[PDB]
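As structure tokens, one chain now follows by itself in the form solved without the ligand.
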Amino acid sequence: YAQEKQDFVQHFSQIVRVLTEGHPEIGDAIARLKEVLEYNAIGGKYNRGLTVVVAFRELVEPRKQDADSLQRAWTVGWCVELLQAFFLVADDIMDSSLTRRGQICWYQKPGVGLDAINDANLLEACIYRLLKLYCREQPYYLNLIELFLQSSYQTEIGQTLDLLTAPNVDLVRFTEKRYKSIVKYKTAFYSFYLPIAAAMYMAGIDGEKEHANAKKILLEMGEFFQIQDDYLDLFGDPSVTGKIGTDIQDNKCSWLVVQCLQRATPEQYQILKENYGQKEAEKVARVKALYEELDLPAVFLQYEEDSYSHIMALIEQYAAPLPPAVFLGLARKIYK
């Protein structure tokens, strides 16, 4: 569970070494690339990247897991983490965030600022450098390049959808349908489909139908993951989650807002209008109080139960011929 993790984090050092070599006077730029890698790619939980390694091992017969194969698996897992780091660095600029991962946002560091835009682009580029360096001779090379490019496009499109929805923001826009759509494109594809799909290609499983089948399970898991995330942001024990929720004083298309708007009287819509996004804590208290009044903790608990049933059904119908454990190991990481 957790020793596989230390191995994953220990490979990081090698990733940075290979990325940060023969050309003299680009030295200074390569030094900066190293600082960008170390600040931004380190310090998460590594679940997405690790999924690549775990799934790879569950998919591949042990007798085709030589040292070089495992190394490619580690490297591709790190590519998922670099993709994520590209997105976060850029998203923190666009949202004007202060911190991430308990640490000052890269762009907020003295002397970085909007130069972080190029830093982020570099993180994106390192994906394709690594795929080339480690995977270019493999039959799935082109498949992995395309999967990463496509994952980027889907995430960017979801970002666009998110930015159109939350500019002067309006709750009319925040429907269930638009919420699911943002989650699918902006979170679920890269977080859940990408890592398993990558493992699948590395293992030789390249059929469109199998990929489509895995995708159906994995995008559904992604939807639940984000909804639970939204729920917890407010109702989570901050000393368990290690996270203090800020969605409310920020005008976010949270799942809670979507359910609240579905369930609200005209009178209640106004109380939400007046309190959602003020940074005063009396106002933040208000919104929460209204969520309780409509028993969104109960709507959620119900949703979670239904979602668990649905996912197990999807695994039953669509897993084969992959081992159900590939999907069940993920489901266990996100249902409690």
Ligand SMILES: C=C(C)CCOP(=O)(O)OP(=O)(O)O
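Each residue number is its position in the shown sequence, starting from 1.
The form deposited with the ligand bound is left out here; the points below concern that form.
Colleague: Would you kindly say which of 234, 135, 88, 145 lies with a heavy atom within 4.5 Å of the ligand in the deposited bound form?
Modeller: Only one listed residue qualifies here, and that residue is 88.
Colleague: Given that the ligand is left out here, which of 216, 109, 129, 243 has a heavy atom within 4.5 Å of it in the deposited bound form?
Modeller: None of the others qualify; the residue that does is 243.
Colleague: Only one of 257-265, 170-178, 190-198, 135-143 has heavy atoms within 4.5 Å of the ligand in the deposited bound form; I'd like to know which.
Modeller: Result of the contact check: 190-198.
Colleague: Counting only non-hydrogen atoms and a 4.5 angstroms cut-off, does residue 45 reach the ligand in the deposited bound form?
Modeller: It does: once the ligand is placed as it appears in the deposited bound form, residue 45 has a heavy atom within 4.5 Å of it.
Colleague: What residues in 209-244 sit within 4.5 Å of the ligand in the deposited bound form, counting heavy atoms only?
Modeller: Read in sequence order, the residues that approach the ligand (within 4.5 Å, in the deposited bound form) are 225, 226, 229, 243.
Colleague: Under a two rigid part split of the chain between this form and the one not shown, are residue 205 and residue 259 together?
Modeller: No, residue 259 belongs to a different rigid part than residue 205 (C-alpha assigned to the better-fitting superposition).
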